[PDB]
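Spelled out, the chains give:
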Amino acid sequence: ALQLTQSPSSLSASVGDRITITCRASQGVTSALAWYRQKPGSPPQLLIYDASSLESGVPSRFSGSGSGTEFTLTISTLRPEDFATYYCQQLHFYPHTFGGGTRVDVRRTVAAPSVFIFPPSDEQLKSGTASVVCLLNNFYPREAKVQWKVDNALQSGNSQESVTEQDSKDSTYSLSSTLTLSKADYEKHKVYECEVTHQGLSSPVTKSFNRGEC
Amino acid sequence: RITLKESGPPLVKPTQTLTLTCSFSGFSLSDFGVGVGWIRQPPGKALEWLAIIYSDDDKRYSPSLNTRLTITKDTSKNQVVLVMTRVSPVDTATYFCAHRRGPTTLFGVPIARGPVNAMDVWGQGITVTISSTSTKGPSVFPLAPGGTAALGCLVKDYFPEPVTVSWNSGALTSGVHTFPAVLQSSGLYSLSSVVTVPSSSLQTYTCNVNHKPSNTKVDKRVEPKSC
Amino acid sequence: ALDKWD
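- Regarding how it was determined, this PDB entry cites X-ray crystallography in its header, along with a resolution of 1.86 Å.

**Focus: the overall build of chain B**
Moving on, step 1. What chain B contains, in helices and strands, is zero helices and 21 strands.
Moving on, step 2. For chain B, whose C-alpha radius of gyration is 24 Å, the value lies well above the compact-globule estimate of 17 Å for 227 residues.
Moving on, step 3. Viewed in the frame of its principal axes, chain B has a C-alpha envelope of about 80 × 35 × 30 Å.

**Looking at the packing of aromatic side chains**
The relation between two aromatic rings is expressed through the spacing of the ring centres and the mutual angle of the planes.
Moving on, step 1. On inspection of all chains with the given rule, the structure shows 13 aromatic pairs over all chains.
Moving on, step 2. Taking 4.7 Å as the distance between ring centres and 50° as the angle between the ring planes, the aromatic pair formed by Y186(A) and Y192(A) counts as tilted.
Moving on, step 3. On the basis of relative accessibility, which here comes to 0%, the residue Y192(A) falls in the buried class.
Moving on, step 4. Site record: aromatic cluster; members linked through ring pairs are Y36(A), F98(A), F96(B) and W122(B).

**Examining the interface of chain C and chain B**
Interfaces are frequently sized by the accessible area removed from exposure as the parts join.
Moving on, step 1. Facing the four residues of chain C at the interface are eight residues of chain B.
Moving on, step 2. Counting each side, the surface lost to burial between chain C and chain B is near 600 Å², with a carbon and sulfur contribution of 50%.
Moving on, step 3. On the chain C side of the contact with chain B, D3(C), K4(C) and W5(C) bury the most area, a combined 87% of that side's loss.
Moving on, step 4. Our enumeration of links across chain C and chain B arrives at four salt bridges.
Moving on, step 5. For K4(C), the salt bridge goes to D58(B), with nearest N and O atoms at 3.8 Å.
Moving on, step 6. On inspection of chain C and its partner chain B, the count reaches four residue pairs in polar contact.

**Observations regarding the sheet that holds strand β13 (residues 144-150) of chain A**
Moving on, step 1. In spatial order, the strands read β14-β13-β17-β18 (chain A); together these four strands make up an open sheet with antiparallel pairing. What marks the edges here is a single partner per strand, and that holds for β14 (153-154) and β18 (205-210) of chain A.

**Some details on empty space enclosed by the protein**
Moving on, step 1. If you add up the space inside the largest cavity, you get close to 70 Å³.
Moving on, step 2. Every residue along the wall of the largest cavity is listed here: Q160(A), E161(A), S162(A), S176(A), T178(A), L154(B), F179(B), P180(B), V182(B), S190(B), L191(B) and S192(B).
Moving on, step 3. Among the elements of the structure, β15 (159-163) and β16 (173-182) of chain A together with β19 (189-198) of chain B are those that each provide at least two residues to the lining of the largest cavity.
Moving on, step 4. Across the lining of the largest cavity, the residue classes break down as five nonpolar, six polar and one charged.
Moving on, step 5. Empty space within the second largest cavity amounts to approximately 40 Å³.
Moving on, step 6. As for the second largest cavity, its lining consists of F118(A), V133(A), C134(A), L135(A), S176(A), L143(B), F179(B), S192(B) and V194(B).
Moving on, step 7. Within the residue set of the lining of the second largest cavity, elements represented by two or more residues are β12 (129-139) of chain A together with β19 of chain B.
Moving on, step 8. For the lining of the second largest cavity, the leading source of residues is β12(A), giving three residues.
Moving on, step 9. Considered class by class, the residues forming the lining of the second largest cavity number seven nonpolar, two polar and no charged.

**Some points on the side chain of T129(B)**
All names here are of chain B.
Moving on, step 1. Positionally, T129 belongs in strand β13 (residues 126-130).
Moving on, step 2. Side-chain polar atoms of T129 contact the side chain of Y189, separated by 3.4 Å.
Moving on, step 3. If sequence neighbours within four positions are ignored, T129 has contacts with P10, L11, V12, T92, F159, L183 and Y189.

**Regarding the pattern of salt bridges**
Moving on, step 1. With the rule as written, the count across this model stands at 20 salt bridges over all chains.
Moving on, step 2. With a closest N to O distance of 2.9 Å, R61(A) and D82(A) form a salt bridge. Taken as a pair, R61(A) in the loop between β6 (53-54) and β7 (62-67) and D82(A) in the loop between β8 (70-75) and β9 (84-90) lie far apart in primary sequence, 21 residues in all.
Moving on, step 3. Classification of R61(A) as buried rests on a relative accessible area of 15%.
Moving on, step 4. With a relative accessible area of 0%, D82(A) lands in the buried category.
Moving on, step 5. We note a salt bridge from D57(B) to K59(B), for which the minimum N-O separation is 3.5 Å.
Moving on, step 6. According to the relative accessible area criterion, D57(B) is partly exposed, its value standing at 35%.

**Thoughts on the sheet that holds strand β20 (residues 205-211) of chain B**
All names here are of chain B.
Moving on, step 1. An order of β16-β20-β21 is seen for the three strands of this open sheet, with the pairing classed as antiparallel. Each end of this open sheet is capped by a strand with a single partner; those strands are β16 (164-167) and β21 (216-222). Strand-to-strand, the axes of this sheet are offset by a mean angle of 15°, without reference to chain direction.
Moving on, step 2. Across seven bridges, the pairing between β20 and β21 is antiparallel. Across the sheet, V209 pairs through a bridge with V218, a residue of β21.

**Structural notes on the environment of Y205(B)**
Residue and element names in this part refer to chain B.
Moving on, step 1. Structurally, the position occupied by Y205 is in strand β20.
Moving on, step 2. Residue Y205 is classed as buried on the basis of its relative accessible area of 4%.
Moving on, step 3. Separated by 15 residues in sequence, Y205 and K220 have C-alpha atoms that sit 8.4 Å apart.
Moving on, step 4. Beyond its immediate sequence surroundings of up to four residues, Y205 is in contact with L151, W167, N168, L172, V197, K220, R221 and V222.

**Regarding the side chain of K149(A)**
All names here are of chain A.
Moving on, step 1. Topologically, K149 is positioned in strand β13.
Moving on, step 2. For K149, the side chain forms a polar contact with the side chain of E195, separated by 3.0 Å.
Moving on, step 3. In contact with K149, not counting residues within four places along its chain, are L154, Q155, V191, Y192, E193 and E195.

Procedures and definitions
- Residues numbered from 1 in each chain as written, not as in the entry; some residues may be left out.
- Chains lettered and ligands numbered in written order.
- Heavy atoms only, no water.
- Residues with missing side-chain atoms left out of burial classes, pairs and counts.
- Helix = DSSP H or I, 4+ residues; strand = E, 2+ residues; numbered from the N terminus.
- Rg over C-alpha atoms; globule rule 2.2 N^0.38 Å.
- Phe/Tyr/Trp six-rings, centres within 6.5 Å; stacked < 30°, edge-to-face > 60°.
- Buried < 20%, exposed > 50% of the residue type's maximum accessible area, 1.4 Å probe, protein only.
- Contact = heavy atoms within 4.5 Å.
- Buried area = accessible area lost by both parts, 1.4 Å probe.
- Salt bridge = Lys/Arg side-chain N within 4 Å of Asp/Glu carboxyl O.
- Polar contact = N/O pair within 3.5 Å; in protein donor to acceptor, adjacent residues only side chain to side chain.
- Pairing = 2+ DSSP bridges.
- 1 Å grid on protein atoms, 1.4 Å probe; cavity = no way out; pocket = protein on both sides within 12 Å on 5 of 7 lines; lining within 4 Å.
- Points joined across faces, edges and corners; volume = space filled by probe spheres on them.
- Nonpolar A, V, L, I, M, F, W, Y, C, P; charged D, E, K, R; others polar.
- Axes fitted to C-alpha atoms, helices over the stretch in contact; angles between N-to-C directions.

Here's what the structure looks like:
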């Protein structure tokens, strides 16, 4: 079906800035496009309907323009409540698609993550499972990539990660990634590595340990 | 003033049928051209359109979910119901219903269709978790180690959400990061809580974990191993 | 499939 691509997917800014988010459709949607702002924990809120009409009760710093395949939302003077995720929605064709969203967060000096790797506890091992956790602490911007390697084999499909919300004092994020293996598989290898790529790191940093080494 | 609110079960098991109700006030589903739609949002993901129904009773569904969705209205009760069959874990999401305006009319004559291009009022949303797991307490394991040091606790295999974690009975707050839990393929949640301190403080560190649902409190003191 | 009003 019809594709709606938002740009950029993520954007950093400060109070008072002017930002503009754009949304492009794969086929023309005339003026049937709406913009929403969604704050964490809340439902999306309508800002602009029919590509450019200002929704009632919505502050005038919000503006929408465009028609056909290209639309833009601009917030002229960013306020603290605007740090949020924005979505565009097409209503010309069924299904009524939403774009991927664009996250707007507090801008701050680039900061590389402090990385730490934790081996599984002997207590967990006795239960038969092995969790290897990797921590990326206080970094910025939000995008980071974690790659698990076991005896140099690239791991896939056996890890999960979660990211904290932007810190209100730091403006940094932290990320936790868990590699999970059976105790048996765990025992069949030695070098457990967490490889981290991030804008603040000249090149990828790797933190690792050799299993059973004492 | 238009308001909508979603209701239904917070927890549902795979293969089961999920029935969600949207009760609203401020408009009638008998008003001209009005619509009520459903949109969902898996945790951390984008909004996904599901279906919509209009007062003249036309219905439309997401093509990807068409076979599992039924939307219906009960005009006299001011409710719209969405029934999803055969749910699976990927259906865990926050589900929202929303109002869609019909064209503006002048002396009962449609003169403006621009107002239909948006879903203008939304309900708060209803969190729905799909897992065949039964109330279960977490196992708590230690996570042990600019020149900052890190340690923590891995709160593993519990259900359902939430769990609370604090450090040193609430006295340790700076440098603490408790991550949002991930729902494992097993249907149980898992989360880590860590804390960063000056590589010298290694002071004592104990995480206090509490999963109300299963009556499971645990305090786990964590230290820099090696005996 | 065009929206209801298009």
